[PDB]
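Okay, so here's the structure we're looking at.
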Amino acid sequence: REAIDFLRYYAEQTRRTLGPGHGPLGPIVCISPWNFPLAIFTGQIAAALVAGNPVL
Amino acid sequence: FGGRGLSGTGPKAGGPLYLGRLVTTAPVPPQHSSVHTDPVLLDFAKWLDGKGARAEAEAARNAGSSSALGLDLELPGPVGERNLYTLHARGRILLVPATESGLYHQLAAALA
Amino acid sequence: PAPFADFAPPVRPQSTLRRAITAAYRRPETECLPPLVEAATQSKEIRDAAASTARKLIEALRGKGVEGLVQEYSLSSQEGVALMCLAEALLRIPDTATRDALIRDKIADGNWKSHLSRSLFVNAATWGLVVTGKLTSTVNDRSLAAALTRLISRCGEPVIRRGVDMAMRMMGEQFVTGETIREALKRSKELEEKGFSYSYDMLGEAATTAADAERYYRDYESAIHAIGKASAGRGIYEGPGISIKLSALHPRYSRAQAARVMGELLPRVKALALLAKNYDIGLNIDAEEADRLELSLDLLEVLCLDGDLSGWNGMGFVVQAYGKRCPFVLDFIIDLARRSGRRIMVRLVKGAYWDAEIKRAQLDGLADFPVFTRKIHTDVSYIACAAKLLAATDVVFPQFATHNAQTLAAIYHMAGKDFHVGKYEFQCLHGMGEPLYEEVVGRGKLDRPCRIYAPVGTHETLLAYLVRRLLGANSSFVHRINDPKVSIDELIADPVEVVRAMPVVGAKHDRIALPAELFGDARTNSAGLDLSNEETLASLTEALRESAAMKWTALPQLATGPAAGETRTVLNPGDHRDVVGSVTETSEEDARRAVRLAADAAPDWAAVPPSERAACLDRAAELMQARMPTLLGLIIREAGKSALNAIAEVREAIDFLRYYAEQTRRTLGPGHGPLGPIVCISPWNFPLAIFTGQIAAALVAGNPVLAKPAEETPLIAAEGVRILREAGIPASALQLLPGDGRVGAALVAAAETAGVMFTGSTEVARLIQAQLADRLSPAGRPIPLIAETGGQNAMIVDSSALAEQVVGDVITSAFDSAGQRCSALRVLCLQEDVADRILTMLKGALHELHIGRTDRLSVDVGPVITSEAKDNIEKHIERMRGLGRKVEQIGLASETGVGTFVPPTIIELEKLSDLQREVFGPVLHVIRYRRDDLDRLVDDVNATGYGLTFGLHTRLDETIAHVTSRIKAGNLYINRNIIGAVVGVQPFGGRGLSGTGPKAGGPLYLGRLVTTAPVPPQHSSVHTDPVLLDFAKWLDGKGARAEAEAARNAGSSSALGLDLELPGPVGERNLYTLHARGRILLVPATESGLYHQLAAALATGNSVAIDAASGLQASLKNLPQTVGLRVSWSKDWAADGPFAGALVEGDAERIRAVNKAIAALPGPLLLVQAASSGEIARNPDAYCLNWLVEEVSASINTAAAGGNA
Ligand SMILES: Cc1cc2nc3c(=O)[nH]c(=O)nc-3n(C[C@H](O)[C@H](O)[C@H](O)COP(=O)(O)OP(=O)(O)OC[C@H]3O[C@@H](n4cnc5c(N)ncnc54)[C@H](O)[C@@H]3O)c2cc1C
């Protein structure tokens, strides 16, 4: 559920905020832990992706 | 979710400042504003006016207005719970200026 | 001239029909409804038929703008409001190509702020209503600025373009029919061809100056020509007409100014009507506030009887069905139509001022409302009045203005089958009612005509009252037809049958308080008097005349009986030929005897249980209420007050009596022993209310009182004492000692005087302070002094404020009571971009004031109290004039020669510091400020050292937050005048040079008048000062365990941070908060005493200055930085001030010595608390935390945007 929530939350935050002047950083390295191996994994990746950055 | 000090850098995950850190110009998050103006920022702006540092005084007043310090929101959630989100001062900010005008702008940002 | 012989004569003798109107003014709602229900009743067959027609109309309305924009660009509510505000501002750019360039090149590229002295969001409350349907009194301009930046950065130029085009259509085609009458007339041809007609509303309203009324006249005259030319002989039923508001045509349109209205406003309406007659068009008189209804009837009567207007039936008049007088007004108008033979056009409406009528009746303490309190009652009233109108179509032309399809259907079937054009019509609002009435007009529908009420005006004009026009309320029909939660069956419900079947027909709304019940179970509100009610004016006229025939006296009323002395007369300040009465002044020996008598009787009065002492006060309030008309006449003639201000003063005295009685019943027990004899010294400017309040508080707290009234106004004081004694206060508990400062000084100096309550000048208060510092109580403690003194009160106005509203509040604040209020507005601060416009309006409004002897209702401003006050005030004005400052003064009539008058005066200053003394008269000073310098201006206001009342006019939350957080004043007022603080609602009292506190009419007041203070109602705080907490940890680190525990107990017992909303009228929020006082002077003797003093001061939020002569510096080594920030040491106390209070430790002689040194400090009179070392060890309450916090009252007008959410 937390993974789903991160995806939908950062999707909605994007729809509320990002326009052409909010340029991406570029490649983002996302390093996640073993204790929330889907939720934190998904949240960091979803946020970097939806902001326009490719993710490692 | 997320903390201060040895607990992390922020901004909080699953909160409205998060995406702004992943772009080179941060947007204005939803509901991110405050009607409060730091009173020390105000005193600094008047001091800058006294010195004739007009561009800096203007930048200080603009920082005092656009600061979201004192934001205090209730977030939608389940019944039987009250979920609150507030923005406070961070602490002491390290300023590393190169020029006098740069120092004035940095002070304005931190005081506001 | 005989007193009150010309007080308020009616325009004409009141006919039987006019008397029935006045009789209904505030009739109980249970009495109004049954006859309306009976008159609105229709047959079962007609009710079924009407339900069917209304269902049919509502079916089409539901099967047929900003919302599509919000959807297309996924805007939040704040983004939609911000966008519409941006669009409005872009539309203020006249040239299209320039505007489009700003959008494309500079706005859409961000940094909208750089390109657009006035907030973008001044009108956001109005757009908020458009976008969200909800009303906000003030604007969160920081939220809107964030939303605007977000939406522009997200969607760019396309959303700006759509917003501009949307705003252009709404403001140019929907909220108005057109920007000018010519454009409105061109756009009316479409619907006239379909069977509609038009009435044009030139959006004129509430003239403030003669020049404004002149502009409104020529605007109406020019529209009449354009409409009459366009009408081209179509006549008053087929062709267009005009609607006017009488308040647009004269700046003093009120019953109080009825003579000016009949002499100056009437000929202007006649000249417009003569032009409407020549073109043969309708001229409708719109209905306004309830207190203007009957005055407007006097103009309607003269016009309908004027032979010069004969032959024309175009004159029209609005009647509001939400008003209790509506059927009786209609009876009167129908009779007038019969007598004059003019077929009066009667526009029946529900009414547009409902929220305002509720608030006004509550503020004025009147018996009831002049409007209904349940929407369904107004609906029944409308249908009943339609039945009366439809029975008189031969002599009047009814015009049923309504968007409610149920109301429409009921009237359509009530009118029956016979119809011809000219029999009656419906009416609707432009851009609102056409949907409904396109199902009505024409042979294919109901074949009944509809006249469109068509606003005409620019964007500026339209926006000024758009809020009122939208109120859109949850109960409104158009809100419900567009609410999916409401079925058709709910919409076609018969309000007559719903009301008929309610348990109590016509019961008041459960959630609206009658004015008497504003405070619920706590106490009974005082009742006022309606000076727009002819019966009240006639009865008051007789009482005032009878009051001037009484031989008023004031004598030294000692415990043993009246005493002899030097007797002289008391003169009316407006006319020294009018002798009001005689005063016998007290000898210094008898004043000293009086204190000893009070001392001897103190145990007996202290033994009367607090409840019974409070019963005395409640009995006195009842007596003053019943005697108000007689008290009015005395106050008018002795103190020079207007009748309006005298009513408020008697109300205040009643409120003080009832408030302190209730506070006594809430608090006082056997452990709160009285101080002893208390000397009460009261001023001449509120000679009954402040006099009563000080004496009532001291008495109900168990103290015997020596009452020293101002030398100028002993008569009302003597009458006050008479009433208190009649109410049961024994003569030994309340002695009256008339006389000058010798009497006051003898009383203050008497050894048995245990406390002094003083209201007056700072100069005298400082002399009393020095006298008292000579003495100690028998317990060896300072004599308490409550000293309430003047203020140099300011109002700050920014470019978002509404000029008309500002000017009215400024005129009232500065010149009411000839500026002889402690709260009066002395300095007006105008943002530079609007200063010239507001000053022009202010000067014009100044010259509309009537100055003279106050025994006429028409007088706005009376005399100043003495020739000495006059000379002092005029010397100031001439100094300012001699310095080249601009000085505006109204000319005075020759009759003022027999009294002491100062004309209301406006003086334009360069800097606030140009004003170097308090000027206690009708003298307003004006300064201008640049917006960026607002924070410095507040600094300048604070720097005077005064801190009584302060006003702010702004719509912007950021400016409200800033200014109210930085200003240092006891009574704050937002978007209203700054005078007339209401007991228990705006507890009154300032800081600094303005007073010691505690606030009069507030919950800390009685506790100052007993040896051990009680816990006031609601007096607590869950907040703990964090510097106090740091100090308590430091004390524990030093091993001072007992002190550390006392510090934590002080942190919990402090009420710093209390934040309450006080009950009061609707449309206002009244807040009461406890803040730190400032820097407290600490004069310790021992290390432990210092620690206890520091804890008390820190727990209440204060900084401290510790006497360096104590030698206790080594007692505070290694203080935490947070505590060090609040601690200073002082060798020269006078140099390190001002202080906000003091704590002293010592034996009796040390306390007396320190108390004298404190009294010699320049500036504010310090509230000093003293204790011995042993007392600090034995009594945890040795220092009382009540006196280490500052009370702040804030009153916010939440109706200021044009309505009450
Ligand atoms: C053509 C035209 C001309 C008008 N001229 C004037 C004018 O000169 N003067 C004037 O004062 N107004 C005027 N009005 C406004 C009118 O008085 C109504 O208030 C408004 O138009 C709505 O009434 P309704 O029958 O359309 O809608 P409804 O939803 O049926 O009625 C709403 C009305 O109910 C009343 N009401 C709401 N709440 C309560 C309550 N709690 N207790 C008692 N009553 C309540 C109010 O009067 C409110 O306006 C005019 C309206 C029109 C269309």
Side-chain angles (χ1 to χ4, degrees), chain C residues 29 32-33 36 54 177 196-201 203-205 241-248 282 284-290 292-293 296 316-324 326 345-358 361 369-383 385-386 399-411 425-428 430-434 436-437 450-455 465 468 470-473 475-480 486 491-493 495 499 506-510 512 1066 1203-1204:
Chain C
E29 207 159 350
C32 297
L33 261 299
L36 298 160
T177 302
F196 289 81
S197 66
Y198 278 84
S199 179
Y200 298 97
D201 172 15
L203 292 175
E205 193 170 348
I242 195 172
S243 294
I244 63 167
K245 279 188 180 63
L246 297 176
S247 74
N284 173 259
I285 303 174
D286 284 350
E288 300 188 74
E289 295 88 342
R292 290 158 154 176
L293 202 175
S296 72
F317 194 85
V318 178
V319 305
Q320 303 147 309
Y322 72 174
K324 291 165 164 181
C326 193
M345 308 180 79
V346 181
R347 179 200 296 158
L348 185 61
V349 308
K350 290 185 179 168
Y353 304 83
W354 183 80
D355 304 325
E357 298 300 345
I358 300 306
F369 303 100
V371 291
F372 301 110
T373 53
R374 297 191 188 211
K375 195 267 180 193
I376 197 166
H377 292 168
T378 294
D379 287 335
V380 176
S381 178
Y382 193 101
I383 293 163
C385 287
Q399 305 165 295
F400 299 110
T402 182
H403 300 128
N404 185 315
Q406 196 285 328
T407 311
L408 199 170
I411 294 169
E425 68 182 13
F426 296 100
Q427 302 194 346
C428 71
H430 164 86
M432 168 69 57
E434 296 97 338
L436 173 60
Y437 282 95
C450 183
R451 188 174 308 275
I452 298 171
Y453 191 70
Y465 298 116
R468 192 184 64 228
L470 294 161
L471 293 179
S475 60
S476 298
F477 183 85
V478 319
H479 181 278
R480 292 161 45 80
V486 185
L491 287 175
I492 66 174
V499 165
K508 173 183 70 65
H509 196 288
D510 290 337
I512 302 182
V1066 301
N1204 189 339

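Note that ligands are numbered from 1 as they come in the structure, with each ligand's atoms numbered from 1 the same way. In the text below, chain A, chain B and the rest are named by the order of the sequence lines, each starting its count at 1.
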Please work out whether any backbone atom (N, CA, C, O) or any side-chain heavy atom from C-beta onward of [X] is under 4.0 Å from ligand 1, and answer side chain, backbone, both or neither.
X      : answer
C:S199 : neither
C:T407 : neither
C:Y353 : side chain

Donor-acceptor pair, distance only, cut-off 3.5 Å: does the side chain of [X] make one with the backbone of [Y]?
X      : Y      : value
C:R451 : C:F426 : no
C:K324 : C:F369 : yes
C:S476 : C:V478 : no
C:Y382 : C:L348 : yes
C:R374 : C:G506 : no
C:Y353 : C:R468 : no
C:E357 : C:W354 : no

Does [X] reach the side chain of [Y], with side-chain heavy atoms less than 4.5 Å apart?
X      : Y      : answer
C:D379 : C:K350 : yes
C:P495 : C:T407 : no
C:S197 : C:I452 : no

So is C:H377 in contact with ligand 1, going by heavy-atom distances below 4.0 Å?
no
Side chains of C:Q427 and C:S199: donor-acceptor distance under 3.5 Å anywhere?
no
Check this for me - ligand 1, [X], N or O atoms closer than 3.5 angstrom, yes or no?
X      : result
C:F477 : yes
C:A352 : yes
C:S476 : no
C:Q320 : yes
C:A287 : yes
C:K350 : yes
C:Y453 : no

Out of [options], who gets a non-hydrogen atom closest to [atom]?
atom                    : options                        : value
atom 17 (O) of ligand 1 : C:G351, C:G323, C:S475         : C:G351
atom 41 (N) of ligand 1 : C:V319, C:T373, C:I285         : C:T373
atom 39 (C) of ligand 1 : C:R347, C:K375, C:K508, C:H509 : C:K375

For side-chain hydrogen bond (donor to acceptor under 3.5 Å, both in side chains), just list the numbers for C:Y453 and C:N284, CA-CA rounded to whole Å, side-chain angles, deciding distance to a tenth of an Å, and then say yes or no.
CA-CA 11 Å; C:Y453 191 70; C:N284 173 259; 5.9 Å; no
Ligand-side contact atoms (ligand 1) for residue partner [X], heavy atom cut-off under 4.0 Å:
X      : result
C:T402 : 24 (P), 25 (O), 26 (O)
C:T378 : 43 (C), 44 (N), 45 (C)
C:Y322 : 47 (O)
C:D286 : 8 (O)
C:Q427 : 1 (C)
C:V318 : 7 (C), 8 (O)

